[PDB]
Structure formats: C-alpha cells, structure tokens
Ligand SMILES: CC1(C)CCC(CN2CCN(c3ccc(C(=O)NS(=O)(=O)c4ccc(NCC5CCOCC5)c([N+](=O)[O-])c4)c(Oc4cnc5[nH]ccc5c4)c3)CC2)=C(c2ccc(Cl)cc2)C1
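Let's start with one chain on its own, the form deposited without this ligand, as structure tokens.
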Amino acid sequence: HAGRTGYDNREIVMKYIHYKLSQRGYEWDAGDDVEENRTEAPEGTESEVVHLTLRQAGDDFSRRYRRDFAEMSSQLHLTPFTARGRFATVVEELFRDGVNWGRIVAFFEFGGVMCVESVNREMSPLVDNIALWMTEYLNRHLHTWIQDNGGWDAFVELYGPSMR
C-alpha cells in the first residue's frame, strides 16, 4: 500500500513555488492545462495539513538565514544555458553526507530563489523548468529518505503547528 493522499513531489513544489510567485503577482502559467480538471475534486485536507507546514516552515527557515542562500545566489549567471547544471551543484552540496528535514526545507527554498531569479531579468517560464528539476532531485534523493522513514506526514507530525 501507500497512504491514500496521493503526494507528488511535482505538486508539492508547484504549490510552494506558486505562492512564491503570487507574492509579487506574476501569474505563473504552471497549469497550462486550464480545461477545468476536477477528477476527484480539489478537496484534499489530507495533504493540505502538510502543505501549510512545508510552505510556511520552509519560508520560516530561509527567513532565519539572511546570508546563506541569497548571498550565494550571486554566483549564478543568468542565461539560457547551463541552468540545470548549476542548480544540481547547489542541491548536491545541500545533501552531501546525509539528508534531513532541515536540509530538505533548505533545497526547497533554494529552488524557489532560482525559479524567481529567471523572472528577475526575463525568464518567468523558467520557473516551470525549475519546479521540474526540483521534483527530479527531491524524489531521486529525498523521496527515499522521506518514504523509507515514514513519508510526507512524518514531517507534519514532527512540526505539527500549535495544536492544529
């Protein structure tokens, strides 16, 4: 088996990054398929409790670090090339030895920082290619550390907001 929520690294990053964009107002065209897709309804209280945690928590961490993820961003040339090659190097350093919630929450915040970077000059759509890779690595290295050790709820239980 495998729970009954339907967690998806792709959806997780999509929602996270989204808010990161909505903050400014740039209508990110993530769901290009705007053909009203109400398969099993949007209602998903299950994986919702987790979202509010990841999204909120993640932004909370970065907030505590003024110089660490941003100051480093300076070393990220903005051009239509070697975009993913530089991203992998960043996340790779994040989880050099082992993975952990704190770390996961870090890379998550990083991906967004870069996703928005493209929007700085003129590469808004890039956010799509970013969330994509973020999903590849996250699942290719964290999904194992997360699932094998509980799952997405495993974190929500450890960081359960002040009584619900």
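All residue numbers are counted from 1 along the displayed sequence.
Below: the form solved in complex with this ligand, not depicted.
Clashes are found between this ligand, overlaid from its position in the bound PDB entry, and the backbone or C-beta atoms here, as 3 or more atoms lie within 2.4 Å; the site counts as blocked. Residue contact with this ligand in the bound PDB entry: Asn100 places a heavy atom within 4.5 Å of it.
The closest non-hydrogen atom of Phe61 lies within 4.5 Å of this ligand in the bound PDB entry.
The closest non-hydrogen atom of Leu132 lies beyond 4.5 Å of this ligand in the bound PDB entry. In the bound PDB entry, this ligand stays beyond 4.5 Å of every heavy atom belonging to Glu136.
For the stretch 84-118, the set of residues having any non-hydrogen atom within 4.5 angstroms of this ligand in the bound PDB entry comprises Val90, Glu93, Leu94, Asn100, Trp101, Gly102, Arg103, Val105, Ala106, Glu109, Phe110, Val113, in sequence order.
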